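Below, chain A is the first sequence line, B the second, and so on; all start at residue 1.
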2 protein chains.
Amino acid sequence: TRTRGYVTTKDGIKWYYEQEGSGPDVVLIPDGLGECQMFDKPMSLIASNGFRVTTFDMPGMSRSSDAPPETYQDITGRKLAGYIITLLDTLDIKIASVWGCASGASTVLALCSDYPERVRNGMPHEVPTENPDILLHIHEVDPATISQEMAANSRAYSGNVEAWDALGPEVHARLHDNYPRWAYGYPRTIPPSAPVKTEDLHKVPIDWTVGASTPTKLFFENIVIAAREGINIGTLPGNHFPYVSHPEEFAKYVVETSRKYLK
Amino acid sequence: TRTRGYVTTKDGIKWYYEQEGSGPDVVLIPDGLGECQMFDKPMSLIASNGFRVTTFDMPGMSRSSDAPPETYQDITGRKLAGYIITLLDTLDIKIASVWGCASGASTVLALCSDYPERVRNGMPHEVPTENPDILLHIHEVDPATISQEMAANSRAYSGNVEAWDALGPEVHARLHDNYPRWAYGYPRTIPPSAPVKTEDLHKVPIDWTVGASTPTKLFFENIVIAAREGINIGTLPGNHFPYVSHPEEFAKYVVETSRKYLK
């Protein structure tokens with residue numbers, strides 16, 4: 001059964017989290033928008049394949065908004081990893097298979113690099129390494145405008161607008177409030193903090209992906225870096241949100257990829 | 001000064017070709033549509049930097065229509081390379097910097113692999129290694145349908161529909177006649193014959209590119225291969241036709257890339 005609730009960690013964050021299943025641990029880290037309801041559908045699919053799946057809203061986002069200012073400002077992959085570690089310690093998850101897109105992907109990599117003992121295998125998807133043109137001045141306009149622009153951008157990069165709309169009104173209302181916060185703390189600090197250096201990439205197994213429909217230039221360095229480092233790299237259908245656009249295919253990938261590292 | 005001409009080579013092909021400038025040779029091999037008029041603007045731009053630029057319509061296409069059927073059936077990069085070598089001998093171009101997209105890129109690689117003495121440096125763009133979904137059965141369709149389908153596909157993937165439209169009605173009238181020809185002879189045999197083996201890639205300098213706006217999956221294999229093989233890889237603005245969509249950026253890429261291997 002899916003359990004849903006809150007837990008407050010020693011850093012002051014009141015986390016909203018969800019769990020389902022039993023078996024080896026799989027952790028699903030949201031993308032920058034910090035909304036874990038995006039994992040609902042695939043979560044059931046992955047859990048039913050023999051894994052305990054854990055997901056959560058990110059600090060200051062959505063239902064995890066009751067968190068100290070510090071937890072949502074000047075965000076890096078390493079900063080978020082530190083908070084995730086704390087959360088995992090509280091939930092007693094010693095080792096796991098970790099997924100993450102965008103800033104979630106940065107966190108995955110930071111975990112692979114600085115907390116190898118806790119990662120069975122990392123699945124990063126579209127690691128931000130450069131700040132995209134369309135988001136250069138996102139923080140320069142009114143909050144309401146940010147919400148509107150980001151709402152349109154996210155939909156456009158959803159990979160399936162119908163499924164994006166189908167996330168529901170409750171999710172979209174939460175996203176509306178996350179957009180400005182995200183813009184102030186993420187886009188400028190996340191990309192330069194990408195742990196994509198050679199010394200970050202070889203302690204644990206990594207399976208890297210990029211969206212099949214995502215314009216080549218956006219995550220082009222992701223591919224090149226992976227290939228050069230001899231790390232498995234491929235695409236997933238969709239764009240920025242494979243777990244929303246193609247939940248079945250997304251679940252299958254996580255299951256198969258994690259299943260191969262089990263022993 | 002732009003010279004335009006026709007010349008019949010010993011294989012029976014009546015080629016149509018154009019040339020401009022003086023200096024080291026630059027050859028612009030068209031894409032699968034074999035329409036060299038798409039290189040019009042950039043041709044002058046390249047030429048003005050001290051290069052003799054040569055382009056031509058491809059066998060069976062457009063103004064090089066008068067050609068033996070064999071020359072546009074069961075087409076591979078290697079078959080095209082052969083025909084092009086003969087033409088180069090006939091125009092007395094000994095060594096050249098060669099650009100090519102799609103099947104033109106397959107041709108470039110074949111030239112780099114089999115006729116290395118004739119290539120100063122190769123510039124392949126979007127080498128087909130797989131056949132996309134859409135063209136999976138466009139060879140069992142019919143001439144009017146194909147021209148309707150392909151004309152839209154190309155516009156879509158043009159990278160700039162205004163510029164594509166601005167090519168003119170003569171151009172599109174010729175393209176109209178080529179679509180089916182292209183379809184019966186290219187799609188099924190070009191991708192499987194891609195000269196992207198280890199042995200094909202290290203005899204001469206190669207600078208590989210992919211479209212910046214092209215969906216990642218399409219030429220994902222190109223990136224992985226280049227990176228794995230230590231070959232320079234990057235993006236160019238646009239999609240499939242950077243010479244049409246972004247003439248100045250294209251011309252700059254070609255000139256700068258070529259200048260690297262001069263003197």
Chain B against chain A: donor-acceptor pairs under 3.5 Å:
residue : atom : partner : partner atom : Å
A212(A) : O    : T216(B) : N            : 3.4
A212(A) : O    : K217(B) : N            : 3.1
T214(A) : O    : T216(B) : N            : 2.9
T214(A) : O    : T216(B) : OG1          : 2.6
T216(A) : N    : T214(B) : O            : 2.8
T216(A) : OG1  : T214(B) : O            : 2.9
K217(A) : N    : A212(B) : O            : 3.2

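- Neither the backbone nor the side chain of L218(B) comes within contact range of chain A; no heavy atoms are under 4.5 Å apart.
- With a 4.5 Å cut-off on non-hydrogen atoms, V224(A) touches chain B through its backbone and its side chain both.
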